[PDB]
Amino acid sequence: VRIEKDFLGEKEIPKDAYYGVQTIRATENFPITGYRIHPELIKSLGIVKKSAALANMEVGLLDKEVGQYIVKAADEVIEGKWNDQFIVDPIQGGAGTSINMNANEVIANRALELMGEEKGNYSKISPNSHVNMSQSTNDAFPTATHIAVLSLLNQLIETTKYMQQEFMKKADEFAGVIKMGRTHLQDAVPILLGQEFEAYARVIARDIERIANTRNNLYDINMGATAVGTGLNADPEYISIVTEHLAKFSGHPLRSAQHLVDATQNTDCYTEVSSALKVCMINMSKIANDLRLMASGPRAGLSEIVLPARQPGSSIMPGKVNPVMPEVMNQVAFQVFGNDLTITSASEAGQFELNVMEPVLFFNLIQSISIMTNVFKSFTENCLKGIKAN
């Protein structure tokens, strides 16, 4: 039970909460889904504010006492101590303002608490003046995303490389086994089961390439572009220092865009990643369809392979064994195709020097990378490893 001042009025924020009115206002405007932005987003949002204060202090804009406690409060956010304080819906108006401010206020209050000051006391440490210094919504939020995306994206590469490998092991394990090769679902010449499995592993290889390639256009950021991208009084030293600090703490080869308007209004580095992810899920779905057909039977199917039993067999009907792990892979592809349509749509919704539709674009981008990682990690383990011939 507390009090905080907003232009709309005053909301009763709990004494526990590190978020303020600016976040509670977003709870009323956007009670759309209920979800919470991905933990890797929050981490990257923390990396951005820490990177900011470190740079702000170094150029003489931020008071070295107040900032020192913003850095420490930001490091706590990087480590995920405060994921229950980020309560704004991923789908939201204002083009990320609410997500940016939810970071600003949580780090603002927690920085006051460490230095022995009250929560909500914004005369001491303001979430706008001190935490959001030398930065807009339109560069913190993007850059955080760029970082969140890349990091998730690297996790996806490894988990996908590991999957690709385990297709090749199963490729040679069935080099000898011989099945009927089929075109138009209609019997052709006999074919080695191992060839089919190499065929899968070569396209997964080909995706891994495409996905990894989509990172390079994510390394260019616009931190310091501020409101539009002309700079609008944005110090060249601040840009350079916070860029280099963002590259350290995040760990990606991050840069500064050669045109900060271009990096602020265009959203093509995202459609690009989502496009590579769609084509990967096109392929895995086909393969998932193959696996389900080859596993068909026992008596009225193809009975070429046997998948690990991962769900209990029919009550009294014998031989009933559903291929649930491929099935779930088909469904994640259906999300990713959709996700990509929403992303395409939100990208087209660009107008002039900003695209205010980023929240849903980034929600679906992150979700795409996340569900793929997980199904690949669950599929390979509880299916690809155990797959045996008949």
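Numbering starts at 1 and follows the sequence shown.
Taking only CA atoms, the mean B-factor in the PDB entry is higher for 107-115 than for the other of 146-154 and 107-115. Here the stretch with the larger average CA B-factor, out of 118-126 and 305-313, is 118-126. Take 367, 380, 373, 22 and read off each C-alpha B-factor from the entry; 22 has the highest.
Across 219, 197, 238, 141, the greatest Cα temperature factor reported in the deposited entry is at 238.
The PDB entry assigns residue 255 a C-alpha temperature factor belonging to the middle third of its chain's modelled residues. Sort the chain's modelled residues by C-alpha temperature factor and residue 97 lands in the middle third, per the entry. Looking at the C-alpha B-factors along this chain, the one for residue 91 belongs to the middle third.
When the modelled residues of the chain are ordered by their C-alpha B factor, residue 63 lands in the highest third.
Remark: residue 362 belongs to the lowest third of its chain, ranked by C-alpha B-factor as recorded.
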